[PDB]
There are 2 protein chains.
Amino acid sequence: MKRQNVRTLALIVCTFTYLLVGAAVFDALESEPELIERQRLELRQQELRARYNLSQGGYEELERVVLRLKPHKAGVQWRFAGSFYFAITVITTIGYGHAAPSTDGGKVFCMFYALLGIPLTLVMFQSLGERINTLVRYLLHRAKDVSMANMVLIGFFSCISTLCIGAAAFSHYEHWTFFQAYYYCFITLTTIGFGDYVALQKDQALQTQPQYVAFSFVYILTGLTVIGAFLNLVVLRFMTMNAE
Amino acid sequence: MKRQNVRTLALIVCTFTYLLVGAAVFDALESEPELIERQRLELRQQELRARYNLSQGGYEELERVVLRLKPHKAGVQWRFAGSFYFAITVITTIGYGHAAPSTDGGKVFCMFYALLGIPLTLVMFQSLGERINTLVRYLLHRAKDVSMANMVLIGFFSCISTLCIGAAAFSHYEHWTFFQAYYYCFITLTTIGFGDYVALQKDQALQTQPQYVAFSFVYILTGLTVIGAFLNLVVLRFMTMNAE
Ligand SMILES: CC(C)CCC[C@@H](C)[C@H]1CC[C@H]2[C@@H]3CC=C4C[C@@H](OC(=O)CCC(=O)O)CC[C@]4(C)[C@H]3CC[C@]12C
Ligand SMILES: CC(C)CCC[C@@H](C)[C@H]1CC[C@H]2[C@@H]3CC=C4C[C@@H](OC(=O)CCC(=O)O)CC[C@]4(C)[C@H]3CC[C@]12C
Ligand SMILES: CC(C)CCC[C@@H](C)[C@H]1CC[C@H]2[C@@H]3CC=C4C[C@@H](OC(=O)CCC(=O)O)CC[C@]4(C)[C@H]3CC[C@]12C
Ligand SMILES: CC(C)CCC[C@@H](C)[C@H]1CC[C@H]2[C@@H]3CC=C4C[C@@H](OC(=O)CCC(=O)O)CC[C@]4(C)[C@H]3CC[C@]12C
Ligand SMILES: [K+]
Ligand SMILES: [K+]
Ligand SMILES: [K+]
């Protein structure tokens, strides 16, 4: 049929238009502040290097050392709590990359672990999302017909709710501002996970605050379920339509 | 029906067993080398600090400067080529996070850009994956019936092929070893994207090698399509089954 091919080319051309707009806007927003801050740091580098009479080779070596110690500033991060947090970020595909396997054996196992883990996790969050959509239909009917205008509204406000209570929690535990914590929540639950903000890294929380570690694992696995129950409603309505 | 609830609880219990096994294996693999390397770097820190008679406060300030210059070692990364690469890593949800929005305005726009972009990209890769699955069915029939034992085999070897030719390309352009380039390919195309290995960062490639930038964008968007056409075959067979 022609319809599927027209829809495919409409989606490809739309996606490349969306990328060219995104690239233009991010460049217009960020490429000047980047140059300003780079000039400022290139100045402060020479200021401190002169202030401590540091040889260029010595600065190069100190840079290499600091850039290798950058992750170990988190304290120990490979331990059972932190290995569970890593496994979460692998199979959910968040992948912050603050912890990443250092040995070749850890890399090979990480590859097989993701290989079997990601399908299984997609099938879990699909099944559980469809269960909670059915529950929402049932309870909304008991409160009365039900229509997409109600289901999508309840899904949308359930997402906005889980973002707000995530930002409220993390801006209290991590002392980020509310906007920073809300950004971290959004970037985690879409599974983008840049890793510029990462929870559990301060104050040895991975071995010191089991209640907060538990909260963060439950929040990640719950918010991903609510987002999955929203994509299950709003996107799988359209994606499988080629099979029609 | 009971079946959907039994399947949901079987998937939840399976996922938590899979996490507890993953956490145990990663801890057993990595938590000793971490402590060894941390001891080695804590030694080398004091060695160089003494070798350059560096005050502890001066070391703290040099550490702060180096840790802020760490990304700007990539040269300019917010420019049109690098903003297109960023937009790719946002809407595909790879999110390496080597570039991440520095201003609050770039963060707000990044949030709305992901919000509209990720559904659209899932629907694109679904539609295009189902088209190439239909093409594989058609051509395999022309080469003759067709069965899942053939379709899944061809999908699997198409994935292994795109990983091998990705590793072969990147281990040549980036001078990573083959295993490192294969790891980077696998971690990109599953969209985990830790960001410990990232392409295009060396030698100002973003403004110096348009042919290699083009290759990398085409490889990312093609390999994601082939992986999408594989999940479309092997997982959407099972995920929607709750709707049965
Ligand atoms: C998560 C919330 C906040 C946003 C959700 C957005 C998506 C549900 C939208 C964004 C872009 C939309 C797509 C944009 C373009 C098209 C092509 C359109 O097909 C045609 O125009 C051709 C039809 C034919 O030839 O038969 C079908 C709907 C579809 C897939 C849309 C389906 C719904 C999408 C994925
Ligand atoms: C969503 C429903 C159906 C289940 C919810 C289960 C959670 C309440 C469980 C699942 C995994 C558990 C975690 C698994 C491992 C750990 C590590 C454990 O030890 C440490 O954090 C100290 C460091 C170390 O032990 O090496 C503390 C409890 C904690 C966070 C657990 C807290 C409770 C969690 C989050
Ligand atoms: C990408 C390649 C290399 C690996 C693909 C793996 C998946 C296709 C597998 C991994 C785990 C599997 C799931 C493991 C357990 C179950 C529960 C099973 O349901 C029951 O056991 C209960 C049935 C009922 O109560 O009716 C249905 C299949 C399912 C979803 C499986 C579907 C197929 C999955 C997702
Ligand atoms: C998959 C099929 C259907 C379409 C394939 C399209 C590609 C061949 C296009 C899409 C976007 C293009 C890129 C968009 C932007 C740029 C930046 C441009 O400029 C630079 O890299 C220099 C830096 C600067 O311009 O600021 C060089 C070409 C390049 C990599 C383009 C190369 C060709 C690309 C990858
Ligand atoms: K990611
Ligand atoms: K990352
Ligand atoms: K992802």
# chains A, B, ... in the order shown; residues from 1 in each chain; ligands from 1
call {"tool": "residues_around", "arguments": {"residues": "residue B:187", "least_positions_apart": "5", "cutoff": "12 Å", "atoms": "only C-alpha atoms", "output": "compact mmCIF listing (two decimals) with N, CA and C atoms, in the first residue's frame"}}
result
# COMPACT_ATOMS: atom_id res chain seq x y z
N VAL A 90 22.00 0.66 33.42
CA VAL A 90 22.22 -0.10 32.19
C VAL A 90 20.92 -0.61 31.60
N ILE A 91 20.14 -1.40 32.34
CA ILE A 91 19.00 -2.05 31.71
C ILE A 91 17.87 -1.08 31.40
N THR A 93 18.53 1.71 30.23
CA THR A 93 19.23 2.51 29.24
C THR A 93 19.38 3.98 29.63
N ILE A 94 19.28 4.33 30.91
CA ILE A 94 19.59 5.70 31.29
C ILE A 94 21.07 5.97 31.04
N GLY A 95 21.92 5.08 31.53
CA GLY A 95 23.35 5.20 31.33
C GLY A 95 23.96 6.54 31.66
N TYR A 96 23.99 6.91 32.94
CA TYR A 96 24.64 8.17 33.30
C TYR A 96 26.12 8.13 32.96
N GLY A 97 26.77 7.02 33.22
CA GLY A 97 28.17 6.90 32.87
C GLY A 97 29.10 7.52 33.88
N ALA A 100 31.30 3.47 35.00
CA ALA A 100 31.31 2.67 33.79
C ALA A 100 32.41 1.63 33.89
N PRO A 101 32.20 0.44 33.35
CA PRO A 101 33.12 -0.68 33.62
C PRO A 101 34.53 -0.35 33.18
N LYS A 107 33.43 -4.90 30.77
CA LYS A 107 32.83 -4.47 29.52
C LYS A 107 32.11 -5.60 28.80
N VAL A 108 32.76 -6.76 28.67
CA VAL A 108 32.11 -7.90 28.01
C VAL A 108 30.84 -8.31 28.76
N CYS A 110 29.05 -6.38 30.72
CA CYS A 110 28.08 -5.31 30.52
C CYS A 110 27.37 -5.43 29.18
N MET A 111 28.09 -5.81 28.14
CA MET A 111 27.46 -6.00 26.83
C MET A 111 26.44 -7.14 26.84
N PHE A 112 26.79 -8.29 27.41
CA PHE A 112 25.79 -9.36 27.47
C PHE A 112 24.64 -9.05 28.43
N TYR A 113 24.93 -8.34 29.51
CA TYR A 113 23.90 -7.95 30.46
C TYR A 113 22.91 -6.99 29.84
N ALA A 114 23.38 -6.00 29.09
CA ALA A 114 22.44 -5.13 28.39
C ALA A 114 21.67 -5.91 27.34
N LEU A 115 22.36 -6.80 26.61
CA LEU A 115 21.74 -7.53 25.52
C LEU A 115 20.51 -8.30 25.99
N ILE A 118 17.71 -5.35 28.26
CA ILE A 118 16.88 -4.28 27.70
C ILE A 118 15.56 -4.78 27.11
N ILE B 94 20.25 8.88 23.26
CA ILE B 94 21.57 8.37 23.61
C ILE B 94 22.14 9.18 24.76
N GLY B 95 22.11 10.50 24.63
CA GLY B 95 22.59 11.39 25.66
C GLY B 95 23.96 11.09 26.21
N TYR B 96 25.00 11.28 25.41
CA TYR B 96 26.35 11.08 25.92
C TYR B 96 26.65 12.05 27.05
N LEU B 163 27.27 -3.87 13.77
CA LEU B 163 28.28 -3.72 14.81
C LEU B 163 29.69 -3.94 14.28
N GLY B 166 30.72 -1.03 12.14
CA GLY B 166 30.94 0.14 12.97
C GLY B 166 32.27 0.08 13.70
N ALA B 167 32.56 -1.06 14.32
CA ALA B 167 33.83 -1.21 15.01
C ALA B 167 35.00 -1.06 14.04
N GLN B 180 37.46 -1.78 21.84
CA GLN B 180 36.93 -0.51 22.31
C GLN B 180 35.92 0.09 21.34
N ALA B 181 36.20 0.03 20.04
CA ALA B 181 35.25 0.57 19.07
C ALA B 181 33.98 -0.26 19.01
N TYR B 182 34.09 -1.58 19.14
CA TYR B 182 32.90 -2.42 19.19
C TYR B 182 32.06 -2.15 20.43
N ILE B 192 22.30 3.23 25.35
CA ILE B 192 22.79 3.45 26.71
C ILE B 192 23.63 4.72 26.75
N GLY B 193 24.67 4.76 25.93
CA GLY B 193 25.48 5.95 25.80
C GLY B 193 26.10 6.46 27.08
N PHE B 194 27.01 5.70 27.68
CA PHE B 194 27.67 6.17 28.89
C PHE B 194 28.39 7.49 28.64
N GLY B 195 29.12 7.58 27.54
CA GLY B 195 29.87 8.77 27.23
C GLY B 195 31.31 8.74 27.69
N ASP B 196 31.82 7.57 28.08
CA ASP B 196 33.24 7.40 28.35
C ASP B 196 34.05 7.33 27.06
N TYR B 197 33.52 6.67 26.03
CA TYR B 197 33.98 6.84 24.66
C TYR B 197 32.93 7.62 23.87
N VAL B 198 33.36 8.68 23.20
CA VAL B 198 32.50 9.48 22.33
C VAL B 198 33.27 9.78 21.06
N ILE B 220 24.91 6.33 13.09
CA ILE B 220 24.01 6.33 14.25
C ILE B 220 22.57 6.15 13.81
N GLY B 223 22.13 2.45 12.26
CA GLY B 223 22.19 1.37 13.22
C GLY B 223 21.02 1.38 14.19
N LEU B 224 20.57 2.57 14.58
CA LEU B 224 19.35 2.64 15.39
C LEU B 224 18.15 2.09 14.63
call {"tool": "interface_residues", "arguments": {"of": "chain A", "to": "chain B", "cutoff": "7 Å", "atoms": "only C-alpha atoms", "output": "VMD selection string"}}
result
chain A and resid 8 11 to 12 15 19 to 20 22 to 24 26 to 27 29 to 31 34 38 41 45 63 65 to 67 69 72 78 to 80 83 to 84 87 90 93 to 97 106 119 121 123 to 124 126 to 128 191 to 196 235 239 242
call {"tool": "select_by_dssp", "arguments": {"residues": "stretch 41-150 of chain A", "states": "alpha helix (DSSP H)", "output": "PyMOL selection string"}}
result
chain A and resi 41-51+56-69+80-91+104-142+148-150
call {"tool": "residues_near_ligand", "arguments": {"ligand": "ligand 2", "cutoff": "6 Å", "atoms": "only C-alpha atoms and all ligand atoms", "output": "count of residues only"}}
result
10
call {"tool": "closest_residue", "arguments": {"among": "A:132, A:189, A:36, A:149", "to": "ligand 5", "atoms": "only C-alpha atoms and all ligand atoms"}}
result
A:189
call {"tool": "atom_distance", "arguments": {"atom1": "atom 34 (C, counted along the ligand's line) of ligand 3", "atom2": "atom CA of residue B:221"}}
result
25.4 Å
call {"tool": "decode", "arguments": {"residues": "stretch 136-168 of chain B", "atoms": "N, CA and C atoms", "output": "CSV table (one decimal), in the first residue's frame"}}
result
chain,number,residue,atom,x,y,z
B,136,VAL,N,12.5,-7.3,3.8
B,136,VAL,CA,13.2,-8.5,4.0
B,136,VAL,C,12.3,-9.7,3.7
B,137,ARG,N,11.0,-9.7,4.2
B,137,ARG,CA,10.0,-10.7,3.8
B,137,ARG,C,9.9,-10.8,2.3
B,138,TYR,N,9.7,-9.7,1.6
B,138,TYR,CA,9.5,-9.7,0.2
B,138,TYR,C,10.7,-10.3,-0.6
B,139,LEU,N,11.9,-9.8,-0.3
B,139,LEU,CA,13.1,-10.3,-1.0
B,139,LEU,C,13.4,-11.8,-0.6
B,140,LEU,N,13.2,-12.2,0.6
B,140,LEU,CA,13.4,-13.6,1.0
B,140,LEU,C,12.4,-14.5,0.3
B,141,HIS,N,11.1,-14.0,0.1
B,141,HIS,CA,10.2,-14.8,-0.6
B,141,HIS,C,10.6,-14.9,-2.1
B,142,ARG,N,11.0,-13.8,-2.7
B,142,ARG,CA,11.5,-13.8,-4.1
B,142,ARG,C,12.7,-14.7,-4.3
B,143,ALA,N,13.5,-14.9,-3.2
B,143,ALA,CA,14.6,-15.8,-3.3
B,143,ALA,C,14.2,-17.3,-3.2
B,144,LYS,N,13.0,-17.5,-2.8
B,144,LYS,CA,12.5,-18.9,-2.6
B,144,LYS,C,12.4,-19.6,-4.0
B,145,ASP,N,8.2,-20.1,1.1
B,145,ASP,CA,7.6,-19.6,2.3
B,145,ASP,C,8.6,-18.9,3.1
B,146,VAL,N,8.2,-18.1,4.1
B,146,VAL,CA,9.0,-17.4,5.0
B,146,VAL,C,8.5,-17.6,6.4
B,147,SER,N,9.4,-17.8,7.4
B,147,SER,CA,9.0,-18.0,8.8
B,147,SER,C,9.9,-17.2,9.7
B,148,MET,N,9.5,-17.2,11.0
B,148,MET,CA,10.2,-16.4,12.0
B,148,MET,C,11.6,-17.0,12.1
B,149,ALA,N,11.9,-18.3,11.9
B,149,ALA,CA,13.2,-18.8,12.0
B,149,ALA,C,14.2,-18.2,10.9
B,150,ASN,N,13.6,-17.7,9.8
B,150,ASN,CA,14.4,-17.0,8.8
B,150,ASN,C,14.5,-15.5,9.1
B,151,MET,N,13.4,-14.9,9.5
B,151,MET,CA,13.4,-13.5,9.7
B,151,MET,C,14.3,-13.1,10.9
B,152,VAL,N,14.2,-13.8,12.0
B,152,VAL,CA,15.0,-13.5,13.2
B,152,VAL,C,16.4,-13.8,12.9
B,153,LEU,N,16.8,-14.8,12.1
B,153,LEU,CA,18.2,-15.1,11.7
B,153,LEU,C,18.7,-13.9,10.9
B,154,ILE,N,18.0,-13.4,9.9
B,154,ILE,CA,18.5,-12.3,9.1
B,154,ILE,C,18.6,-11.0,9.9
B,155,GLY,N,17.6,-10.8,10.8
B,155,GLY,CA,17.7,-9.6,11.7
B,155,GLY,C,19.0,-9.7,12.5
B,156,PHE,N,19.2,-10.9,13.1
B,156,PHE,CA,20.3,-11.0,14.0
B,156,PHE,C,21.7,-10.8,13.3
B,157,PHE,N,21.8,-11.5,12.2
B,157,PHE,CA,23.1,-11.2,11.4
B,157,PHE,C,23.2,-9.8,10.8
B,158,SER,N,22.0,-9.1,10.6
B,158,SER,CA,22.1,-7.7,10.2
B,158,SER,C,22.6,-6.8,11.4
B,159,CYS,N,22.2,-7.1,12.6
B,159,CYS,CA,22.7,-6.4,13.8
B,159,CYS,C,24.2,-6.7,13.9
B,160,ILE,N,24.6,-8.0,13.9
B,160,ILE,CA,26.0,-8.3,14.1
B,160,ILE,C,26.9,-7.7,13.0
B,161,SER,N,26.4,-7.6,11.7
B,161,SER,CA,27.0,-6.9,10.7
B,161,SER,C,27.2,-5.4,10.9
B,162,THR,N,26.1,-4.7,11.3
B,162,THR,CA,26.3,-3.3,11.6
B,162,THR,C,27.2,-3.0,12.8
B,163,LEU,N,27.3,-3.9,13.8
B,163,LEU,CA,28.3,-3.7,14.8
B,163,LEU,C,29.7,-3.9,14.3
B,164,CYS,N,29.9,-5.0,13.5
B,164,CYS,CA,31.3,-5.2,13.0
B,164,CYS,C,31.7,-4.1,12.1
B,165,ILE,N,30.9,-3.6,11.1
B,165,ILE,CA,31.4,-2.5,10.3
B,165,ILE,C,31.5,-1.2,11.0
B,166,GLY,N,30.7,-1.0,12.1
B,166,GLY,CA,30.9,0.1,13.0
B,166,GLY,C,32.3,0.1,13.7
B,167,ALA,N,32.6,-1.1,14.3
B,167,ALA,CA,33.8,-1.2,15.0
B,167,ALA,C,35.0,-1.1,14.0
B,168,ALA,N,34.9,-1.6,12.8
B,168,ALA,CA,35.9,-1.5,11.8
B,168,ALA,C,36.1,0.0,11.4
